[PDB]
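Letters A, B, C, D, E, F and G name the chains as they come in the text, with residue numbers starting at 1 for each one.
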Amino acid sequence: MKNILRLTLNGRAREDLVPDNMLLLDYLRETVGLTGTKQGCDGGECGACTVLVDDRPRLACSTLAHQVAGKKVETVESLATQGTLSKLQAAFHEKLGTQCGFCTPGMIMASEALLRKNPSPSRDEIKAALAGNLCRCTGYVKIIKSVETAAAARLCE
Amino acid sequence: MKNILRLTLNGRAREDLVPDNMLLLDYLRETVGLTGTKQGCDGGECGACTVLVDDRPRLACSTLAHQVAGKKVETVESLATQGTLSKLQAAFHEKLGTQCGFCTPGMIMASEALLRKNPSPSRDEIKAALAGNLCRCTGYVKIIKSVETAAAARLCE
Amino acid sequence: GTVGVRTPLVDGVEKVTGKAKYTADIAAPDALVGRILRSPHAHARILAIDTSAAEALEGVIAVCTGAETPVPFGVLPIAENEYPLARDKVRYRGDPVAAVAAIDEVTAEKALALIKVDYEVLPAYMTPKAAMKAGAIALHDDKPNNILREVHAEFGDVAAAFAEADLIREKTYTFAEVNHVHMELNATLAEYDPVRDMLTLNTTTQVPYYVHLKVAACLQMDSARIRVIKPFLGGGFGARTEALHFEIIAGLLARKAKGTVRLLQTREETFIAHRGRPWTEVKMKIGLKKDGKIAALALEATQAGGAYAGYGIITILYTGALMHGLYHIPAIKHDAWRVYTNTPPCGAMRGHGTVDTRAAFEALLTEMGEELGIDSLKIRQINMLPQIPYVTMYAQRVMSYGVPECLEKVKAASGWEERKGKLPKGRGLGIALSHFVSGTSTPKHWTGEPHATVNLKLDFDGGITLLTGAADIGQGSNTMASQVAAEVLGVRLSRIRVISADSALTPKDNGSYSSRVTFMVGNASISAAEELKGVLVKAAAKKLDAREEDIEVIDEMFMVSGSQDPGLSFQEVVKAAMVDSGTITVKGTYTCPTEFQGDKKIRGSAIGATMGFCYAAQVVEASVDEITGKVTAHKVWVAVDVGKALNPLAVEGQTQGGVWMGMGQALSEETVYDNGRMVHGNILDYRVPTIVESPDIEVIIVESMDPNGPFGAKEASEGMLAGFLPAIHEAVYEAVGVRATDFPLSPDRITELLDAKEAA
Amino acid sequence: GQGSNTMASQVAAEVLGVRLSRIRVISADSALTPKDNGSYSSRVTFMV
Amino acid sequence: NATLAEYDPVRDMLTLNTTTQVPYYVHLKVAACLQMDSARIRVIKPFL
Amino acid sequence: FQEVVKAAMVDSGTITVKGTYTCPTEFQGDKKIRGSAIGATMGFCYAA
Amino acid sequence: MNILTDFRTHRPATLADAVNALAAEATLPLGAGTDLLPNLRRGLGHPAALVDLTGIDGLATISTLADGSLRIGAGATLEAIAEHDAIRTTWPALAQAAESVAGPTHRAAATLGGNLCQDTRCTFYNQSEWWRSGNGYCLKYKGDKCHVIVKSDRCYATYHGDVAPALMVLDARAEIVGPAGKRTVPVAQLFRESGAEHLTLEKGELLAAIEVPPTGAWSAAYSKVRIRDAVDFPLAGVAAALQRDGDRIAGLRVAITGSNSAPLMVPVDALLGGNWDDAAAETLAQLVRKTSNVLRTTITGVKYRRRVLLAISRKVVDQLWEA
């Protein structure tokens, strides 16, 4: 059965009729058409579907869409200002924190949550916050470098 | 304000939260993403937005989405069976009843309504049914031939 | 200049914004849902299949079985024994038996449940030993003993070489099977146009040409009616270097349904596709002189290859091909057996077939060195190739060799001299060398075509379009091709727009496998750029009334050498070049010379033959917790000879990714089967390392300048993976005194070794 | 809508002795296709 | 009439899909009028 | 045709060719009367 | 679209409404869904409805009470627990255990109630519908045979929750609400050592809060063993609490997880009054071994899981002693 779901998504008010059993991941990819949020596993193991719900990370594949009613939801598509990259996005690009790009939307949303909560994280705090996000391309080294670079850039802005 | 709209569209059940002031044309093109139905004028003058509602033609630009609640709606995307053209579509293609193709979806939907109601129309009946559909490329000659060809082909089978 | 500049990848903007569309992101509102019915038995005959009830279900548009797929496929022309949908029997749990296309997921699931299959279950074999028993059923009729391929080679007089040795030791090492776990799930979007009888596929492949060939063959459809496009791809690491069953099945279903079918795969199904590194047992025997010089080598490798041939023949030859080209070894004896088992087929995975035997060789060499009282870094320096160029006994031609520098660099960066043997109990350092080819120099299909082809287009607007069939899989080939072409032309990287991997538009490429792309496509791109530069210099010279020989192109300006004239801007030259010409299209190609393709007298030597090798030396620092047996890799210092780093930023990232994948295999990754059932089919119990335990990795770039590579370049992505295993093996021995004989060195294995140590 | 993609395919297929179905036309995208002066004054069939 | 204009500020590139019979003339005038290098502009005519 | 394609790929790979057409000068009006270019053409379509 | 049964999702605003919603057949409580949704997606359960507890006002509060005890609503997230200043300072074992669970994003939403009530695990169970149906299902769900212990007298699935043992050695109490009203039990009593009926909650009952008493002279810690350094469930986990009097053990509590179908207290009275030395540590290992029943419900072997469970029980007590 479908019920009304009201929330703010990427800065815009949404009011949609959504199945009670719909996962947030499927609502974002299929109902809204925002394909930046990815599916990398069969449930909760990889972090590729990470999005923000009231500034905190959330696994879209392990959250029901109806559980985020009345909340602020943000996906990777929300970070840029029109076509201009956010500092965090520019850092992942310039420092090669992204190779194939598949784990990148999830890695960047987890990083965005970290930087909103802790603007100047230590290397260990970065590793701790990205602990559930798997990447197969990078060996993580340059992902840490991207987050450090972004943190510094945001602070001197 | 938005309200629940339930209808059958291209053979599938829809249950969406839709603004009370939304035109059927905008619901089809923007909410559902079916771009076959076109806009050729500023309101009711050209027939390019013609769709079927309970087997009869309707101008999607001059109908509110909420007025088709509980009805069967069909657009050009519904006529083929998977990728196989219907006899009417095949006739417009083979007889050149379509050149630029812009008036074609509306012209075909008006023709489909005609053939469902009157399987063997005279040339005068074909012209009468398509009277409100404007085409700028064909001079109409081969559009009439297309409908006559489709009618004869449907009578076979 | 663009070459040698640290350059963010040209497609990175779309990755960080979520605008990049991977296969499952492509919109197709009319797409049906495809699903495959997979065998629940590891080995069984199919006696009958009734799809009548599934076909009758409203919403089911097509149902297919093996009766519709009479042509088998395989990546190697000589070994095509896998059918898209099974015929006669299934050979692993997960083998496709039927498939359906339905209007939605719930309907497709119901349909699968309505298909009735009558099976005659057969005994299944999980190990090479069980499969080779005289009474085992042959998985494939042409190999009654289940041995797909055997290799028995001897280079030099091995018996006499071992007689000359002062010390001879032998040890057996075992290596778990591992999987690529690319983060993107497998998927194919297949659009069949019944009006025109054409098929267009967007699929998760590193080898769109191979997909084109196998879809045409398996569907018995002319290649001219098929178009293959690779959209953005979420990695592959070898998994997607062969056309896979789901790609062909999606095409089959789309044609049967006369429409479009989107066939998505779960992570479990992606593990079932597999094509990963086989479980391998390696017996290693090395003879050394007392001064540390290698006198002889003899090794045996047995691989459990899974249920179908696939890359198997190539993989087993690689177990011995790269025992050559790294150290000078007087004589080598190689025996190997590739054995079928009733498990998902194994295939190519980063370092294809050379990882496990390289790990075993490095570990025993170090162990023997200890016995002789020679430092593990020194024993490698002692055995380096004595002169360059060097032709190996396997007929490989080494024209550039940065190993001496790699070793000196990691020795210094890691503080090896200062620290080795002077660490606290529980901590250790280890070193190892590894290498890989920069592309197999002989294509799989003999077609007589160039080994790479790149087209450039330049019209009135001044933008240069570079067209390549090469698959960028996250490694950066689109950036690489752009950089080398822009360098030749003297233009900014921003002037080049790359169109890639769409068969209707781009020139065919053999695929992104064996690290061939930079070397081959890089050279072809230089070739095309030189053709275009020639056309522009001709037009500039004419407009400047100068001779072509006197024209210099500096940062988008065509000047007359020595002259004072300001010269012509690039756009002014484009305008001049359009006169009496219009659109300029040029073609560049590259073909590996025959002397680099092995020796026909040495059977199978094309495998292992290449234009050049990437070499890597790495030192690993690790600690071991004796309470839990947990090994923690803290840091790796790795020096890689990549000939010339075209994009140092990407070379560093590629090297870190390669070392890290080796770390996963070394410490935590392993597949597990139980009477044919996959137990590790998720990313919780198949332990891909998280960022918390992953090591920091410092990369040092060595540039040996290969005489045939693009601007001197060799590969930069596979030669460093294997070295991590033996390096951390040595670090564990220094930390706690045990010598592992089985990978991964997970806590369970370490605690057993510690308990045995103490017991003794 | 006048048919220039069909016209171009027809004449190239005739010269080559192949079926029309063997020709795929990519048109009017400046990054991929050669510059054309435009569909005006009925110049396309004759010149293209 | 309609135009979809995609401007990429990261690369300073512009891609246009527009209702034109003369994509070459559009390319020339957009470059001149925006005082933007023609090499930074891509013009595509979709179905018209 | 397909056998010939296979043969043509040997030592070549992907074939790309270019064809062009240019109206001869005599069909461009009187070169000395600029306005005479308007109305000059390779040929006329006639209708009754 | 990812397939789920066509269940209803109730979002009660109070515990009373949640209890009434749970009265219906085939209805399950839902916390953040980090354990439940992956299982439902794999076909482990075919609910008619889920009762979301995350929308209940006041269910996520962490507070201190008059006596200096701790009260945590069942809806509090593991992240909030791990980061709470009072918990880290006074009941560090609980912060330690909460922070050790899964990954940081799971903890950002995962609830204390859901962590305690998480399902047991087995490699024949946490598998897809295709996989399980092909294997004839099992006694825990849709089958009639246990593939680990063929006798099949019960399901032997293992409980791998990290927070339970920490709360057990801290002598925490569980407040339960249901159609019969409110009741409280020592947290250890929330569990039953049976793989397929592992909780003592009855129909319609919910864990509403957890109360932890002041510590007095007790110190406590939790230690978890896993191959990766994040995300993995415990291969073995041991919590311990100690009261030390001079050089003798005045009080000792030990709880294990990741070893049996329930997290369990280990009877260690034999160590009271004695010293903490090598002989006492070996005695402790044997007592832990006796209570443990390490079985092959895991992909990792029993030999290692049992060996480390014994080793860390000695290590966690030695840590508390030496501090």
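As a convention for this text, a contact is a pair of C-beta atoms (placed from the backbone, for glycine too) under 8 Å apart; a residue touches a chain by one contact, two chains touch by 3 or more.
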item	value
Pair with more cross-chain C-beta pairs in contact, given A-G and D-E	A-G
Of all other chains, the one whose Cα centre sits farthest from chain G	F
For chain C paired with chain G, centre-to-centre distance based on mean C-alpha positions, whole Å	42
Interchain centroid distance [CA atoms averaged], chain C/chain D, Å	41
Chain A and chain D: spacing of chain centres that average the CA atoms, whole Å	46
Residue numbers of chain D (touch at least two other chains)	1, 22, 30-31, 34-35
Junction residues of chain A - those touching two or more other chains	39, 42, 45, 85, 128, 130-133
Multi-chain contact sites of chain G, meaning residues that touch two or more partners	1-2, 103, 128, 229-231
Interface residues, chain B side, partner chain C - complex	33-34, 77, 81-85
In the complex, chain C residues that touch chain A	8-9, 11-22, 24-25, 27, 180-185, 232-235, 237, 266-268, 473-476, 649-650, 652-654, 656-661, 663, 682-684, 688, 690-692, 694, 696-697
List of chain E residues in touch with chain A within their complex	7-10
In the complex with chain E, residue positions of chain C that touch it	13, 460-463, 494-495, 497, 571
Complex contacts: residues of chain E adjacent to chain C	8, 10-11, 27, 31, 37-42
